[PDB]
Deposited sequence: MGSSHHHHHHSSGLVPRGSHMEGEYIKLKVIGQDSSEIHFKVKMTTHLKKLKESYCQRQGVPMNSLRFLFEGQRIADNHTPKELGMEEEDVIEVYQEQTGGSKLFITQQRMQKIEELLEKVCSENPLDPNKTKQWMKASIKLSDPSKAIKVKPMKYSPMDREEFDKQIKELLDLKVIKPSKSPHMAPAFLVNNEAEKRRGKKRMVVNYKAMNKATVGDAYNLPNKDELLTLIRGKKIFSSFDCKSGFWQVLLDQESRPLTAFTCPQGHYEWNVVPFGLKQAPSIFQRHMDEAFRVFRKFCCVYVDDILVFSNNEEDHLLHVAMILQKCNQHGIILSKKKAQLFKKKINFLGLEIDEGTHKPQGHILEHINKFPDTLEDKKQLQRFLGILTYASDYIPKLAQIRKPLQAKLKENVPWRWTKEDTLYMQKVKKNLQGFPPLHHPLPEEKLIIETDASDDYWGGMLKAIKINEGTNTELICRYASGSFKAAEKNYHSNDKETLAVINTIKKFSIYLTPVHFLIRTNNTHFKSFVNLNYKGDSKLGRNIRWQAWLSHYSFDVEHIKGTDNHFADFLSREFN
């Protein structure tokens, strides 16, 4: 018996081994393909930032990390006229990685260099590409920027300082403004030919297929592409043949998507009683990652945002009991539908005195159909917009929802459900009101770029949440 499929898996596993390494400059695995150029734009000047002070724990670790970096031959001793300070950072990735991360403050040199015009992808334009796919693999480059060689005139620009002195970089360092663009350009050049089953966000390669069979071919082609170009992957971070893949901070399924669980876990580390305002802004910061997933989250967040104002610190038993509910639903909100390419899309929108809301729905086809929720949007009205009439806030809710969902809606005939009985006449340029003509023509122009019908207006999760809060 053959087991030709297990043979293909071992072949994939060997291609993976062939392109993985812990050294981004690995002499057996790089062709020195990727090169970059960084230009002052006023070459006459010198960019000198005052150094920093270093504690012993940091002066120690620096010594360890600098020997590593010197050993990889990514940095080297420098007598450059430019200098930028290095420091260590300890954020949630570092805490769990077990190692402090070194950062060079390149703000001054970034102000001072010619930009790279090359744009990064939009996260929604990548996600819409994988709608319908069943199987995924994902690959992070090993310290990717460090695989791009800097030419001789550009390396002095990278010179930094640290306890052990004055070094510069032989490769593109993290923290330069051009680096994501330089790397994205290279990944697009290596892999654009496989755009039908592969996309890259800077650093991260995603392979997607609608079944295991295709995937064996798809992954092998990407891995043989890395080998051809000397692109070094990180074995520890390879996600091979997964039904659920982590990508762009999301957990994505054939039919569903949610934030990565390890992100919204940190909500449950906050107390029900916040000590100070600085901790409240830490809390609001992470609560941000639920906006696509909680209906009317702008409102839920407003009571808390108030406390942040300098004008206002007084925590109450209600403040405490508010935290508890908020914490309970900001973890364990249900995953949302990732719509198939051919599924018909609907947006339902609503408005209140101070906020707008909208919700994206898809029509799952069943031989009686079904409407699945894909994404939520919410926000509060600008200063001038609170004086809008109640029909125009409802129209604004339509516009803001489309804007948020525009990557999905733009190429498709979709359906808007609103409570503005005059919205239908308005978009058909049949609207009577001449009072605010310029704003109306502006909206009519903007809405003209979309193709849609209109209906007048089953979200029990949102009904639960509203009940449980007031």
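K.L.:
Please list, in sequence order, every stretch of the deposited sequence that lacks C-alpha coordinates.
P.N.:
No C-alpha for residues 1 to 102, 415, 471, 562 to 564.
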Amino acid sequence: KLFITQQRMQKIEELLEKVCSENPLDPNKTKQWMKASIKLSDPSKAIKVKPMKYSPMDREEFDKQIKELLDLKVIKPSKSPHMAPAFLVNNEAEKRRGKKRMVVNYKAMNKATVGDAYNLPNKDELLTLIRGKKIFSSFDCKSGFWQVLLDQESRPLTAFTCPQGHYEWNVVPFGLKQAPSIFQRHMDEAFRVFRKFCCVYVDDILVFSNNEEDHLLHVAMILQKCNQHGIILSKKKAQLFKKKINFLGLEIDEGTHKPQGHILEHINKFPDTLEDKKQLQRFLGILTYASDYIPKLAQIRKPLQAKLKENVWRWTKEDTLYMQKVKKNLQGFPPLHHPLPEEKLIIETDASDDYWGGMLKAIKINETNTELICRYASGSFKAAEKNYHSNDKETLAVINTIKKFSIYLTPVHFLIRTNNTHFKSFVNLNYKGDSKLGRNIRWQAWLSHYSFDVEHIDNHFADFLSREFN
From here on, numbers count along this sequence of modelled residues.
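K.L.:
Name the higher of the two by mean Cα B-factor in the PDB entry, 383 to 391 versus 228 to 236.
P.N.:
The entry gives the higher C-alpha B-factor average to 383 to 391.
K.L.:
Hey, which bit's got the bigger mean C-alpha B factor in the entry, 241 to 249 or 93 to 101?
P.N.:
The deposited B-factors put 93 to 101 ahead on the C-alpha mean.
K.L.:
Per the entry, which of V172, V326, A108, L157 tops the list for Cα B factor?
P.N.:
Across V172, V326, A108, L157, the entry lists the biggest C-alpha B-factor for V326.
K.L.:
Per the entry, which of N268, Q147, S138, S181 tops the list for Cα B factor?
P.N.:
So the option with the highest C-alpha B-factor is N268.
K.L.:
Relative to the other modelled residues in the chain, which third contains the C-alpha temperature factor of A298: lowest, middle or highest?
P.N.:
It belongs to the middle third of the chain when residues are ordered by C-alpha B-factor.
K.L.:
Grab the CA temperature factor for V49 from the record and place it in the lowest, middle or highest third of its chain.
P.N.:
Tercile = middle for this residue's CA B-factor.
K.L.:
Considering every modelled residue of the chain and its Cα B-factor in the PDB entry, is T410 in the lowest, middle or highest third?
P.N.:
Middle third of the chain for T410's C-alpha B-factor.
K.L.:
Taking the values exactly as deposited, rank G285 by C-alpha B-factor within its chain and report the matching third: lowest, middle or highest.
P.N.:
Middle third, going by the recorded CA B-factors of the chain.
K.L.:
Using only modelled residues of the chain, where does the Cα B factor of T418 rank: lowest third, middle third or highest third?
P.N.:
Within its chain, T418 is a middle-third residue by C-alpha B-factor, going by the deposited values.
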